[PDB]
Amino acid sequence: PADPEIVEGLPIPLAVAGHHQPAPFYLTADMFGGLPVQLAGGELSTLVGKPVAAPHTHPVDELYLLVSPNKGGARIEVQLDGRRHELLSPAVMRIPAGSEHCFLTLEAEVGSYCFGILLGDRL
């Protein structure tokens, strides 16, 4: 009675470099016979001033997606190779493969989310 086209055992918490608890995945490479992308992230309202990770890298390009119910309802700082960037929702930022990076939530309302879309099947 589990439906093979629906996954409900989410998020999938994976150990990731630079983190101090597992990172929450919603798409993993082993889903549905093999996916070409992975997707991690979560809701930001309890993360204001609380970084999930030190600077870390992936071997594939990644895209950050920042959304919130109200325009401007979430703001994150993203460090990229030591250069500070800032995103106000809605926003998309490219994180080049091998770039040392991390994010810090500066502002978030209920329903603010950041997701990282990893353009490949490897971490």
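Start at 1 and count along the sequence shown; that's the residue number.
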Checklist line | Stretch exceeding the other in mean C-alpha B-factor - 75-83, 92-100 | finding: 75-83
Note to self: Taking only the Cα B-factors deposited for this chain, tell me whether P13 sits in the lowest, middle or highest third.
What the structure shows: middle
Margin query: Please place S68 in the lowest, middle or highest third of its chain according to the CA B-factor in the PDB entry.
Written below: middle
Check: Of the three thirds of its chain by CA temperature factor, lowest, middle or highest, which one includes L106?
Finding: middle
Checklist line | Among modelled residues of the same chain, the CA temperature factor third for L44 | finding: lowest
Next item on the list: Please place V60 in the lowest, middle or highest third of its chain by C-alpha B factor as given in the entry.
Entry: highest
